[PDB]
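Let me begin by presenting the structure, written as structure tokens, before commenting on it.
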Number of protein chains: 4
Amino acid sequence: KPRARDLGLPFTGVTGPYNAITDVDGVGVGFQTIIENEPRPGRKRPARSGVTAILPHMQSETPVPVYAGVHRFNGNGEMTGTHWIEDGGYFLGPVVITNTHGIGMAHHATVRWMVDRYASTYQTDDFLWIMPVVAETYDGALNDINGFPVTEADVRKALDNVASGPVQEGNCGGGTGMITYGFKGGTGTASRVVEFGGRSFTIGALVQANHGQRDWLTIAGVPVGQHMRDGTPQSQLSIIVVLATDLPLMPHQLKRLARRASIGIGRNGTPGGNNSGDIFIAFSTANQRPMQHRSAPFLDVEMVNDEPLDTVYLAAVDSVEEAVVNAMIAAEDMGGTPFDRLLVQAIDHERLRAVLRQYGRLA
Amino acid sequence: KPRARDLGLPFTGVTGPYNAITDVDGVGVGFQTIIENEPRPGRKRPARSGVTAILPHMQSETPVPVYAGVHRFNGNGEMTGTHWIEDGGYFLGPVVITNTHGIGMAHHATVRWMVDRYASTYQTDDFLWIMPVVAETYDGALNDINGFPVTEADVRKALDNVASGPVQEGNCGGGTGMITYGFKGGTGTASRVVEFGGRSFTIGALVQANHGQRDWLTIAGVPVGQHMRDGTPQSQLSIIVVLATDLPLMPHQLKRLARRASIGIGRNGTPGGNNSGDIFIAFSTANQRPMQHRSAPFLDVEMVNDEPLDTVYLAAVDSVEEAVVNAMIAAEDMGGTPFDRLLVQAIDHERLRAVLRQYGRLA
Amino acid sequence: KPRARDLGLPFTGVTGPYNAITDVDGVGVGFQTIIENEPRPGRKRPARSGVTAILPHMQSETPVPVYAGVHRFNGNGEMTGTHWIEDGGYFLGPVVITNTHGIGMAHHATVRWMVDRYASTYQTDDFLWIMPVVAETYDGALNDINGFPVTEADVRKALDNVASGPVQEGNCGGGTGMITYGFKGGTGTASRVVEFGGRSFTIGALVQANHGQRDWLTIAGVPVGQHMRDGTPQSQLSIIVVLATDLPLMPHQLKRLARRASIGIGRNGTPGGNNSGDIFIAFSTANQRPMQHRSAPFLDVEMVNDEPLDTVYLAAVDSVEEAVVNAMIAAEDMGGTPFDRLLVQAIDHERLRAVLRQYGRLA
Amino acid sequence: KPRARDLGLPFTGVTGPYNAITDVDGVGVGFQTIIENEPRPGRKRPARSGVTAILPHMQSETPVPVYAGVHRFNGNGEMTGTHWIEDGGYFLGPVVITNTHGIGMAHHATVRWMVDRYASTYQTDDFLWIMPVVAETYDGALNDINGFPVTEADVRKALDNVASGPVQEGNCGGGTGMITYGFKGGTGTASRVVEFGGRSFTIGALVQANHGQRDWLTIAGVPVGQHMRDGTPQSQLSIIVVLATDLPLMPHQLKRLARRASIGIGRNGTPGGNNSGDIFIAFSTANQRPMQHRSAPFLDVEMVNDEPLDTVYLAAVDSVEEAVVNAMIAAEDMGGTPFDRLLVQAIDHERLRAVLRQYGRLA
């Protein structure tokens, strides 16, 4: 499986080792993918969905707070756990992404998993509560979303599968049944390394791309969507962005970094559709500390000066754009069975390359 | 059961009917209450929890958008469904309140119930998604919160039990296991009728009171907590506010109304604790309209002028204070079994009356 | 001049030495007070107004960033400089408070004063811009506000007069012509010392009180406004809160602290009027650092754990309530001339004491 | 003067008659431009600055509230008047744009101008206050910003000059001394006409472009900044966006519209620089009503459904992009005198055409 850079698309700077969000130290990604092409008993439509889990500091025996910031570009979607991100500045545990009507079971399963996995924290006499970050995009065109196919066991499998190294893209995890710009969408990831004050830090992005319309699609500045008009879902009948970094940032700086994903999604053409739940979260793995109930009264934290941040912002925007394009390149056709209303095609690599060549952007 | 006014407490203005949130026409409240005093098999602590459901336009055959506004006073808690309240301006379906780790099952159950109840809307070819408003307070001192006692059936029972009329208070629904100001807490409700542009409207409040410390408790402006010092949970070892009105208000005005609940909770003494998840939602039942996919492109709406709103703001504040006190008066002692760490007592009515009398505030 | 504690009002905890915002080391307060009782040439109404200036790190030869947070409880007023407080986390220079239509001249004068006072910073080749924090309340009932009485020289005088030590209250600075709860209002201040993690800190408040209606007035929990009904402004025909602390807080924590001023203003009875511009700013004097253009790329900062903050929140609430009541106790009758529409009286001390005594609250 | 479309750039959709913000009926624009090439007495650098004024409902004898919404993308700049836009939902009077240190005099001059212009509203016995919307970008590289060249008379001249019709672009009004993408910047405008529900509406934008670095510049998706590398300000040694529409939108909807300008400024390449004060305001001219003190208690308003808004969001993004490019095309070289540090050149039209032609984007 070539990724976008392999096809000659003219991407943007130096990446971490795997060109993925796992290039940020300690962050692991796990997936559970459900691809069925016949309905379950009592249903009329097949289940194509899944769960994505991103866990920071995956080696720690205790949950480690990660400072974080959210940006709600267009709130037509769900992302739980953000009230204490906004006021307390951090979250604990994994980011879990699934389909819109699997939020509940994913939230329930994640709390249960945290109580088991971090038993020495939560199965004690301390009064602690868990508020996980669970988010979604809507796969009802290709998935039997009102059949609630994702179970507790499916979400635990994603959490138990978290790992470092290369990350699968395309039709996997929460991205399985997604559609972006009229083509097959799904999971995408990328990373960038930047130098800041004599040290090297990584910015990694993971997206669940389910947004945009064909006409808007722009790849490398070329209006590809004006040239590749066939097979759109419309003719036959949301985006979650997670940014991770090891740069030492505080909450107020991370809310600014998350806001940069607005430009990041704009790069491939969308003006931000009304029905698109476009919600971005950014977290840092720097400044490790105990949970509130075990911390000393004063904490010493490192924080970056703001002056040099333009290169970090550029890296974040570029990583989001490459993560979206990687999802489209990695995706495969889906649908077209007797139980489907549509056939969603993955963007054709040779036709893409040809259009970019005509506009002098095929590297 | 006498309520606060029945004991001579010096409350504030004219109430609707039932002096409850059901005084706002069409708003129904349902409860599922779980009170056990012996552990379930494999658990060590008893289950004392439940679910509260508040459903606007409870007669409608289709979900009716209700404009709304949220105020996160201190975000150490969860309230789902707020991203589209912020950007879209409204929510659909019920407000469901339970315990912290019951969010996920309550969310899952609510989406499933909505798909069944509003089958003519959701079991169609339309691409529609549901993002319910599910909130919580933490009952881990009296409840086996990591045993996940609330099931899907429990939440469906609360939803199917919604009704107009008098509302049960104290140890019921989501407030079953809650503690407030070191005394037994739980569910409380109150309402006010106001005249605006001649016209008569109601403001009703429902609270799940689990906040505050004994030392802070102020009732009718009297420092009761300084006089009633025994039995605190501390010596032995959050608040969700929902405001409903039929006044015709738009989202930006409803956000201000919800922010008035900050002063409302301040009335009984709290300075707003760090660990308290204090999140308030206000919604109007005016301006009924179809869902987005069935609406005409232009809607005609009525909105109040802002000049005469002080009387509405005062009624909101007063109703929140009365609802909190009503919860304490309705509450009953809980705990003290061989499986408990604490015995939480309900505030004693005669002792309270005596303290108020000493400061000239017993009416 | 007795302050509220001197009259036997039952205030709250241990104050710093001056019981004022200048108890926070290095914070200076300066005033310019204009009290005229005949109209200036071409005007019909007299000028009663002024400027209040609060300067953190008043010894420093260069401007020192102070982390800060704002809460807009009801935005019917102006407070400039908040965009970079929200995103950047801090502000530089003084907080300047005046009347509503004097914002512009105060802003202009403050920039000019900073360019002259910090000449080694601003009269260089560096590209630097200044965005001062200038706020207001509306003194149109007692002041010729459309006569623009405050000049550049008036604001420079306040800035040049900043000093530590005891702070004047009542009819002075920006508070000169203000009215609160139908009585004469104005400037008030108070402070609290708290122990946090084996260290001592101070929380100081300064308020410009111009809010509330007589009927709502509550002092020490007693409904004083129901007993002292005469001479209201109505019968004859906003609040800025600044909190300063030396506790090491980051911006996300300071926004929470500023939000606690909502309860602080609720303590004296207001439900938060529609026309009241109720805007609060909290800043810390800890974590001194250079300006952005002179900072190293990485900074080391100290930050408190959030667990023990309840005593800090309680001190902040109590300090706001005391600063408001101090403002009413220090104020003097104003108006009643042939050019006035009103005569605004200060609350009478003996009548106040008598009402408190009847409810058992006169210490 | 050819504008961007006249040079063959491949712009986007149908414009209104002037392709400017004055295509929204009743919106006037007025400018005061100060271009001096020798220092004023006692100064060392020349003054090149000015004022831009945008007045909705310019014919009205009384101020007419216009619902509006703001998006602070990166708050390193000032825009006054936003607290009541956020909570009250509207503003009155003009949007005035100038240089960073001219805020104060522009604010003062606008309040004074409104008192005179709307004398039947403000020179009465009513208690009314004015909180104008005054914004800025920083022209310190080309202008003697610490000389405070803009006077009260300069701002009154811009206000008195508001007019419909064609709008001047480039080195005029507040944009006079601005620099964008290392080329001369300034004022730019554009409009789009869209059909919504059988009715025709216009979206217009006006920008004061002072943002970006040369290397990021992208025009029509082409990386022009990589090809036109000479004369950058760096080698020699912020953006305010105003969107106006006649679509009937409420405040919560206008906040989303103003958020779309983030994608609009990302079209030309910036990732959003840390030092860039990028603040956007959107307002609607629909739903005319009286001021709060003259309104009936209930108002009837028209509001759009959200479903069809994607075409409006696209029009908004495209108009911001065209306005920024129009500002660069209209700009003229500035500086390079014995008193300057730099010579800022306007982008060369022929060179730009040549780079676009090479990538197949010259229409």
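Please note: Cβ atoms are built from the backbone with ideal geometry, for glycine as well, and neighbour counts cover all protein chains shown. Any read-out appearing in this document is the output of simple, stated calculations on the displayed coordinates, not a laboratory observation.
Could you check segment A:147-173 and list, in sequence order, the residues that are β-branched (V, I, T) and either in contact with a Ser or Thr (Cβ under 8 Å, 6 or more places away or on another chain) or within 14 Å of another protein chain (Cβ to nearest Cβ) (or both)? Write out each step before concluding.
Applying the first criterion (β-branched (V, I, T)) to segment A:147-173 yields A:150-151, A:155, A:162, A:167.
Answer for segment A:147-173, where residues must be β-branched (V, I, T) and either in contact with a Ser or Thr (Cβ under 8 Å, 6 or more places away or on another chain) or within 14 Å of another protein chain (Cβ to nearest Cβ) (or both): A:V150, A:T151, A:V155, A:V167.
Could you figure out which of (1) within 7 Å of another protein chain (Cβ to nearest Cβ); (2) outside any strand (DSSP E or B); (3) hydrophobic (A, V, I, L, M, F, W, C); (4) crowded, with 24+ Cβ neighbours inside 10 Å isn't true of C:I265?
The failed condition is (1).
Only one of (1) more than 16 Å from the chain's Cα centre (by Cα); (2) assigned to a loop (DSSP other than H, G, I, E, B) is not met by A:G77, so which one is it?
(1)
Can you name every residue in segment C:157-201 that is among the charged types (D, E, K, R) and surrounded by fewer than 20 Cβ atoms within 10 Å (Cβ to Cβ)?
C:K157, C:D160, C:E195, C:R199
Output the residue which, of all residues in segment A:45-60 that are surrounded by 24 or more Cβ atoms within 10 Å (Cβ to Cβ) and of a type in the set (A, V, I, L, M), is farthest from A:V24 (Cα to Cα).
For segment A:45-60, the residue satisfying everything is A:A47.
Name the residue that is nearest to the chain's Cα centre (by Cα), counting only residues in segment D:120-155 that are hydrophobic (A, V, I, L, M, F, W, C) and part of a helix (DSSP H, G or I). Explain how you work it out, then say what you get.
Pass one, segment D:120-155, residues hydrophobic (A, V, I, L, M, F, W, C): D:127-131, D:133-135, D:141-142, D:145, D:148, D:150, D:153, D:155.
Then drop every residue that is not part of a helix (DSSP H, G or I), which leaves D:145, D:153, D:155.
On the way: D:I145: 20, D:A153: 21, D:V155: 16 Å.
Within segment D:120-155, the match that is nearest to the chain's Cα centre (by Cα) is D:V155.
Taking the condition of being buried (at least 18 other Cβ atoms within 10 Å of the Cβ) and within 20 Å of the chain's Cα centre (by Cα), how many residues in segment A:317-346 meet it?
Just the residues of segment A:317-346 that are buried (at least 18 other Cβ atoms within 10 Å of the Cβ), to begin with: A:317-331, A:334-335, A:342, A:344-346.
After this cut, where a residue has to be within 20 Å of the chain's Cα centre (by Cα) as well, the list is A:317-331, A:346.
Here the count works out to 16.
Could you tell me whether segment C:208-217 includes any residue that is in a loop (DSSP other than H, G, I, E, B) and of a type in the set (F, W, Y)? Explain how you work it out, then say what you get.
The first filter runs over segment C:208-217 and keeps only residues in a loop (DSSP other than H, G, I, E, B), leaving C:210-213, C:217.
Subset that is of a type in the set (F, W, Y): none.
No.
Does segment B:183-197 contain any residue that is closer than 19 Å to B:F11 by Cβ, part of a strand (DSSP E or B), of a type in the set (S, T, N, Q) and under 12 Å from the mean Cα position of the chain (by Cα)?
yes
Yes or no: D:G204 within 11 Å of another protein chain (Cβ to nearest Cβ), under 20 Å from the mean Cα position of the chain (by Cα) and either in a loop (DSSP other than H, G, I, E, B) or farther than 20 Å from A:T311 by Cα (or both)?
Judged against the criteria, D:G204 is not a match.
If I filter segment D:305-363 down to residues being of a type in the set (A, V, I, L, M, F, W, C) and within 14 Å of chain B (Cβ to nearest Cβ), which single residue comes out as farthest from A:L362 (Cα to Cα)? It would help to see each step written out before you state the result.
If we filter segment D:305-363 for residues that are of a type in the set (A, V, I, L, M, F, W, C), which is where we start, we get D:309, D:312, D:314-317, D:320, D:323-325, D:327-331, D:334, D:339, D:342-344, D:346-347, D:352, D:354-356, D:362-363.
From what's left, within 14 Å of chain B (Cβ to nearest Cβ): D:309, D:312.
Numbers: D:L309: 34, D:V312: 33 Å.
Only one residue fits best here, namely D:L309.
Could you tell me how many of the residues in segment D:174-213 are of a type in the set (D, E, K, R), within 30 Å of D:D333 (Cβ to Cβ) and touching a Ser or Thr at 6+ places or on another chain (Cβ under 8 Å)? Spell out the reasoning first.
Step one: list which residues in segment D:174-213 are of a type in the set (D, E, K, R), which gives D:184, D:192, D:195, D:199.
Going one step further and asking which of them are within 30 Å of D:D333 (Cβ to Cβ), we end up with D:184.
So of that shortlist, the ones also touching a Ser or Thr at 6+ places or on another chain (Cβ under 8 Å) come out as none.
Qualifying residue count, segment D:174-213: 0.
If you go through segment C:109-120 one residue at a time, do you hit one that is of a type in the set (D, E), facing chain D (nearest Cβ under 9 Å) and either crowded, with 23+ Cβ neighbours inside 10 Å or under 29 Å from C:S295 (Cα atoms) (or both)? First the steps, then the outcome.
As a first pass, look at segment C:109-120 and keep what is of a type in the set (D, E): C:116.
With the extra rule that they be facing chain D (nearest Cβ under 9 Å), the set shrinks to none.
No - not one qualifying residue is present in segment C:109-120.
So how many residues does segment B:122-139 have that are out of contact with any strand residue (DSSP E or B) (no Cβ under 9 Å at 6 or more places or on another chain) and surrounded by 20 or more Cβ atoms within 10 Å (Cβ to Cβ)? Write out each step before concluding.
If we filter segment B:122-139 for residues that are out of contact with any strand residue (DSSP E or B) (no Cβ under 9 Å at 6 or more places or on another chain), which is where we start, we get B:122-128, B:130.
Those left that are additionally surrounded by 20 or more Cβ atoms within 10 Å (Cβ to Cβ): B:128, B:130.
Residues flagged as out of contact with any strand residue (DSSP E or B) (no Cβ under 9 Å at 6 or more places or on another chain) and surrounded by 20 or more Cβ atoms within 10 Å (Cβ to Cβ) within segment B:122-139 amount to 2.
Any idea which of (1) crowded, with 24+ Cβ neighbours inside 10 Å; (2) in contact with an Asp or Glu (Cβ under 8 Å, 6 or more places away or on another chain) is the one A:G104 doesn't satisfy?
(2)
Any chance segment D:59-72 includes a residue that's in contact with a helix residue (DSSP H, G or I) (Cβ under 6 Å, 6 or more places away or on another chain), at the interface with chain C (Cβ under 10 Å from one of its Cβ atoms) and part of a helix (DSSP H, G or I)?
No - not one qualifying residue is present in segment D:59-72.
Hey, could you check segment D:207-225 for residues that are among the polar types (S, T, N, Q) and within 11 Å of chain A (Cβ to nearest Cβ) and say which is nearest to D:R357 (Cα to Cα)? Give the derivation first.
First, pick out the residues of segment D:207-225 that are among the polar types (S, T, N, Q): D:208, D:210, D:213, D:218.
Then keep just the ones that are within 11 Å of chain A (Cβ to nearest Cβ); that gives D:213, D:218.
Numbers: D:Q213: 23, D:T218: 14 Å.
Among residues in segment D:207-225 that are among the polar types (S, T, N, Q) and within 11 Å of chain A (Cβ to nearest Cβ), the one nearest to D:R357 (Cα to Cα) is D:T218.
Could you say which residue among B:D278, B:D230 is over 30 Å from C:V304 (Cα atoms) and not in a helix (DSSP H, G or I)? Spell out the reasoning first.
Working: B:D278 fails: over 30 Å from C:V304 (Cα atoms).
Matching residue, one of B:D278, B:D230: B:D230.
As an exercise: evaluate B:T245 against (1) buried (at least 24 other Cβ atoms within 10 Å of the Cβ); (2) within 14 Å of chain C (Cβ to nearest Cβ); (3) touching a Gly at 6+ places or on another chain (Cβ under 9 Å) and give the number of the one condition it does not meet.
Only one criterion in (1) buried (at least 24 other Cβ atoms within 10 Å of the Cβ); (2) within 14 Å of chain C (Cβ to nearest Cβ); (3) touching a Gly at 6+ places or on another chain (Cβ under 9 Å) is unmet by B:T245, namely (2).
Just wondering, is there one or more residues in segment A:235-243 that are in contact with an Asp or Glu (Cβ under 7 Å, 6 or more places away or on another chain) and assigned to a loop (DSSP other than H, G, I, E, B)? Before you say what the answer is, go through the steps one by one.
At the first step, the residues of segment A:235-243 found to be in contact with an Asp or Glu (Cβ under 7 Å, 6 or more places away or on another chain) are A:238-239.
If we keep only those that are assigned to a loop (DSSP other than H, G, I, E, B) as well, we get A:238.
Yes, because at least one residue in segment A:235-243 is in contact with an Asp or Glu (Cβ under 7 Å, 6 or more places away or on another chain) and assigned to a loop (DSSP other than H, G, I, E, B).
Residue by residue through segment C:247-262, note down the ones that are under 22 Å from D:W84 (Cα atoms) and either in a loop (DSSP other than H, G, I, E, B) or among the hydroxyl-bearing types (S, T, Y) (or both).
Correct list: C:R260, C:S262.
Against the definition (among the hydroxyl-bearing types (S, T, Y) and surrounded by fewer than 20 Cβ atoms within 10 Å (Cβ to Cβ)), how does A:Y18 come out, yes or no? Full working, then the answer.
Numbers: among the hydroxyl-bearing types (S, T, Y): yes; surrounded by fewer than 20 Cβ atoms within 10 Å (Cβ to Cβ): yes.
Here the answer is yes, as A:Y18 does meet what is asked.
Residues being assigned to a loop (DSSP other than H, G, I, E, B) and either surrounded by 19 or more Cβ atoms within 10 Å (Cβ to Cβ) or facing chain B (nearest Cβ under 9 Å) (or both): count how many of those fall in segment D:291-304. Let's see the steps before the verdict.
Looking only at segment D:291-304, we keep the residues that are assigned to a loop (DSSP other than H, G, I, E, B), and these are D:291, D:295-297.
Checking which are either surrounded by 19 or more Cβ atoms within 10 Å (Cβ to Cβ) or facing chain B (nearest Cβ under 9 Å) (or both) leaves us with D:295-297.
Residues flagged as assigned to a loop (DSSP other than H, G, I, E, B) and either surrounded by 19 or more Cβ atoms within 10 Å (Cβ to Cβ) or facing chain B (nearest Cβ under 9 Å) (or both) within segment D:291-304 amount to 3.
Any chance segment C:89-98 includes a residue that's within 8 Å of another protein chain (Cβ to nearest Cβ), assigned to a helix (DSSP H, G or I) and not hydroxyl-bearing (S, T, Y)?
Of all residues in segment C:89-98, those within 8 Å of another protein chain (Cβ to nearest Cβ) come to C:89.
Now narrow it down to the ones that are assigned to a helix (DSSP H, G or I): none.
No, because not a single residue in segment C:89-98 is within 8 Å of another protein chain (Cβ to nearest Cβ), assigned to a helix (DSSP H, G or I) and not hydroxyl-bearing (S, T, Y).
Going residue by residue through segment C:73-83, is there one that turns out to be of a type outside the set (A, V, I, L, M, F, W, C) and more than 9 Å from chain D (Cβ to nearest Cβ)?
Step one: list which residues in segment C:73-83 are of a type outside the set (A, V, I, L, M, F, W, C), which gives C:74-78, C:80-83.
From what is left, the residues that are more than 9 Å from chain D (Cβ to nearest Cβ) are none.
Among the residues of segment C:73-83, not one is of a type outside the set (A, V, I, L, M, F, W, C) and more than 9 Å from chain D (Cβ to nearest Cβ), which makes the answer no.
I'm trying to understand the selection: among the residues of segment C:269-290, which are more than 14 Å from the chain's Cα centre (by Cα) and within 11 Å of chain B (Cβ to nearest Cβ)?
Initially, segment C:269-290 is screened for residues more than 14 Å from the chain's Cα centre (by Cα), giving C:269-276, C:284-290.
Result: C:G269, C:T270, C:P271, C:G272, C:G273, C:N274, C:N275, C:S276.
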